Each structure stands twice: as C-alpha cells, then as structure tokens.
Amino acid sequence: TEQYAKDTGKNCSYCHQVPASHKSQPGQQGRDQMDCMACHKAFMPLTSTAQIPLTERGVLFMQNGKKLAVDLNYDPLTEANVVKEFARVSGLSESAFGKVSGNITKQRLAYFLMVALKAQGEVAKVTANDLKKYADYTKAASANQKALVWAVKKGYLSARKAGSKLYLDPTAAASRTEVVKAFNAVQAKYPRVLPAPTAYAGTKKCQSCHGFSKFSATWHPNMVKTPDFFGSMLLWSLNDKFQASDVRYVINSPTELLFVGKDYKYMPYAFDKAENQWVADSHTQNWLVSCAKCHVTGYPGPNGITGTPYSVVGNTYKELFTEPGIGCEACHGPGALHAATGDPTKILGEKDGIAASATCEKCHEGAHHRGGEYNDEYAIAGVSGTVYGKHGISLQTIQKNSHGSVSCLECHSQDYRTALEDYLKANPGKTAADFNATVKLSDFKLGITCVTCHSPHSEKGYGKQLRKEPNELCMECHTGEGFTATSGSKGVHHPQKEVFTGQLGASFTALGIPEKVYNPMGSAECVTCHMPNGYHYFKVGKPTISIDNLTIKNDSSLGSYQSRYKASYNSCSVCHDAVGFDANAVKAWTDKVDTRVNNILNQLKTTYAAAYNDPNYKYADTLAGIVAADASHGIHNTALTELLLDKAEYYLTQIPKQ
C-alpha cells in the first residue's frame, strides 16, 4: 500500500509486480519508477493485488509481519545478514554456516558461498599447485583457502594482477558488488519457480501471511498424526500386539485414537482417551483406500468423497497427499500460486461461493457424517409426500414470496448476513435498515449454510465450532419479539424463544399470565429434541421418527454411502422412557392441544366473527395464535400452553355476543 511505501521508503515496484509495458530498462525512466497513483488515480484505479501481485520481496515483507526482509542490495554487509539471506535462498540452516560476527570479508564470503552452493566436494578438488598460482593465498585462514580459489576459478570473486603476481586480498572487506554477485549465484542455483495452478502450499504457509493461528487447534488439521506427536502418553509398554514403529498414522478424534499400519490397514487396538487405555477395535479397512480421501489434503483432483489420495504400483501404495489432516486448502483449494503472489483470484473465497454448504458436504455428506442432511429431501416414514429440509430453502422462500424484501434475509440468507455485518464494520453508526438501501433482494444467492452456524476457522468454546451457545443460536432467528396481547393470529410469527422461555412480554401482564412461566421440560435444549445425536434433520420424533434421505439415496457420487440413506432417532428418551413413552402417549397430548386451539379459532371465525375490533376478542385470538405459530403443539412449554388455552377459552365467553 501507499502506507507501506512510506513506512519502508520503498518503491511500489519493490513489493508489487508491474506490467511489462511499464518496465524500466537500465538507465531508462519507465513507468515502473513513476508515481502509480497520479496516473491511475481515476482511469484504472489500483485497488487489489489481483492487478499488482506481490514480488518475492512483497511476499517476504508480508510473511515477516509486514517488516522488510534482509536485502543484500541495501542492508549492512555483516556476516549475519549474508548468512541470513544465503541460508534463506538455499534452504540450509543458518547454523550450517557456523559462528558469525563482524562485517563480511572476501575470504569468508567465499566460505559462505561454498556452504550455500553446497560445493564442499568441488572445493576439496583443488590442489596445492592451484593455491600457489596466488601470491597471498596463505594470508587466508586455512578454512577459506581452497574456497577462495574455487570462487575465483568459478568467477564468483576476482583476483588482481600486480606485475607477475595475482592477489586474492583475502582479508579485504567484501564490497557490496561482490556480495551481490555471490548472492546472484546462490539465486541462480535455487531459482524461484512460479507454482502451477494445481499445487498446494500447506497450512503453515497460509498462516505465515494471514495468521489464523487458532485454526491449528481445531480438529480438522489434527485428524491424522504420526505416533511421535503423542510423546509417551500412549503407554506403549501396555500394548502387546503392536508398537509405535509398527504404526504409520494415528487417526486423531476428540475421544479416540485409531492406528494405521505400514500396509495402511487399521490395527487391532484403539486408544481410549477418557480411560487412558488400549481397547479392542474391529476396524480392518484399508485407511488409504477407504478413508484418507476425507482425512488428508493436497492430492490431485477433487477432494472429499470422490477423492483419490493414493496411487497403487501393483501392490504397494504411494501417498499422493501432501498434508495430513484437513488444512486450509481442503476448503480454499490449491493455494501455492496464491501463496507466492497474494493474488486473490488464485484462491477460493466468498466470490467463488465458498460459503455454500457444498464446501463442507463433500466430506460431511449427510449419511454417516453429520451436517449434509440439513438441506436434503426427506421421506418421513408414515407421512406421504416428500419434503426438503427447510433451512436449505430459506432463501428461495423469500424469492418466491409476494411481499419478499431485503429485510427478511436477516434470518433467511447467509450471504446477506455476512454482507450486512461487513457494512456495519466499514460504516460504523449505520444501522441494518439503511444497508438495505444499497442492495436488491436479487443480489443474494445463499440460504442458510454450514457456516451460518459453524465457524470454519476456530472453536470459541461452545463445542462443534458453533458461533453461539446452542439455545442462543436457534433463538436468534426463531424469535417473535415485539408482538403484544393485541396482535392476533396473523400477527405473531415463530415465537419459539418466547414460548420456550415462557416469557411472552410485558403487555401480557394485564391478561393474568405471569412474567415468567417456567417450562416443565426447560432442562431440555432446542437441540435435545430437534438434533438428537447431532442429526441435522430438525424433524422431531414423537417420540421416534424414521427418515429416508432421498438426496443420499439418488446420488451415485457417494459410492457405498449411497445405500446408507436411512436415519432413525428418538427425540425424547434422554428424559422419557425409551420403550414405555410411545406415539400413543404423545398423540394424546398433541391431539388434545390441536383440538383446543382449532375450536378457539373456528368458533371465532364463525360464531364470534366480526367482533374483529373488540379489544377483548383480539386477546383470545393472540393467546391462541401463539400456540399455533409456535407450532409445537404446546410441547415447547406445556404449562404456558394450558395457561394460554384456558385464558383464551375464558376470554371468548367474556365477549359481547351478537
């Protein structure tokens, strides 16, 4: 940026690439040395690193916490700076060059150059007769003698003629020209190659520019380990069937460890983290062939359920993945080219629809692996027809609606919710109401998706990388909020928060229903009944439900998971008895509540009709509309429900009959 230019004193072209048509030839004053923003200010504004991708120096600057890397063209010519750069470019450790101090001399530049070019065997190939071609060669310490002559034969450094003799000047301070000529030879041997569009960079490289250090603690990047990662806490001496050296990989989950042999098949024991013990395990699959495609990152082609993380040379397997675990690029795609340029057009972002659930569903497919079912097509057993998971169609509900507006995407659109939150972060003190002025309903293309409820990047303490406490997550959208005692049937919408918390609001004070009606099933959470065992069907069993997932069933890309389309759970047996509490017992309460609300709404559209304006029939309409819009048949709060129906069956014979 222009700010980084001031902070560093560097030209734009130092960190940013400039078009070929701008390049200065040596001596020439091309556009790459002029004020970019004077000329581009208002004709082709420079706004993005897609226009001006980073040079190597820009990359290093950004990897160094936006501080300049050491540059031998400009910085103090210390032994330290020379080793720092010679090491970086070569990939050697800074220690392979040894102890270091003072400013660089011609003889130790020749030494560092031998290390960096890894030419110790080419330097030992010179003999005492080669050395003697030089008058002052003995004026160099023994370590640097042969190297200084090798460097002069190779032309990296020069000698000088004086009369009939040639001088190396081994103790002269190396000039900037000689350091740079040596650095260029290191750069020639290890040239910086543009990565292919399909190459992967590794999570650690992504973090070196973006940060995201808390990502390293989520379970995604930790799915696959090697045994040394666990130190000595596996208590290997208690394992009588295998040892750490028999193990190729450890499959690492929150509660259990699985172990993968040298032949990639699972091992007879698992490690139970809670009881600190080797237990027996009956997995025998080949992990590489059957499992790795969702557990690793970086192999050619699509990843996830259709992925191929290996190749098989007859009988031996070759691993094609380069990162164990689910790294950044498992969602953002191959990022090596992006990581070498900072070019946003070379990585998957929101502009590519990464927030769509498909980013996650290729591993969380919705059969054995939870999440994907939330937007699938269901055949609920005993109910004819089929139905789509309604969080999936949340947006096209607003698109298909006559009074469909932008205000509604607050709870119906993922790309609206992030767009809005971006506008409040750029224009502080502006509200939700006047962001809607900027956008038409048609701009937005996503309903509710995985990242509406889950963060892909961090765990904030709520479990399952959720953004909020589970109840608060559901209640943020399933609130009515504001509706008063005189709102009526058609004026109270999704009041689940208020019914379930038993808090209808102040204006219900006058009607004798207390400020807080404690819920007899209030020790349950929304997820207890709507998401048993982590299922995202959200359909409640009464008490049990059986679903055939037709999206799973009719998708051959799922392989052997296509046959696992049946889901079955009990929404109530955490508290109610598993066998004794049955559909008949539940149908009793549920019919009995449906009956009582219908006979309040029927005999208020029939007999008491056109009392429509009586502020005494609006009460009995609201009080019975709440039990209807809540749509739980009073299960969300059995005690608030009967106190609502009684105070509504009373308020109808307390009306003016006509």
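Each residue number is its position in the shown sequence, starting from 1.
In this entry, 587-595 shows the higher mean Cα temperature factor of the pair 587-595 and 63-71. Here the stretch with the larger average CA B-factor, out of 478-486 and 103-111, is 478-486. For the set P268, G404, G461, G325, the PDB entry puts the maximum C-alpha B factor at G404.
Highest CA B-factor among the listed residues (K214, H332, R176, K430): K430.
Per-chain ranking of the deposited C-alpha B factor places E373 in the lowest third. The entry lists a Cα temperature factor for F581 that places it in the middle third of the chain's modelled residues. For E350, the recorded CA B-factor ranks within the middle third of the chain. Only modelled residues enter the ranking. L54: CA B factor in the lowest third of modelled residues in this chain (values from the PDB entry).
Looking at the C-alpha B-factors along this chain, the one for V89 belongs to the middle third.
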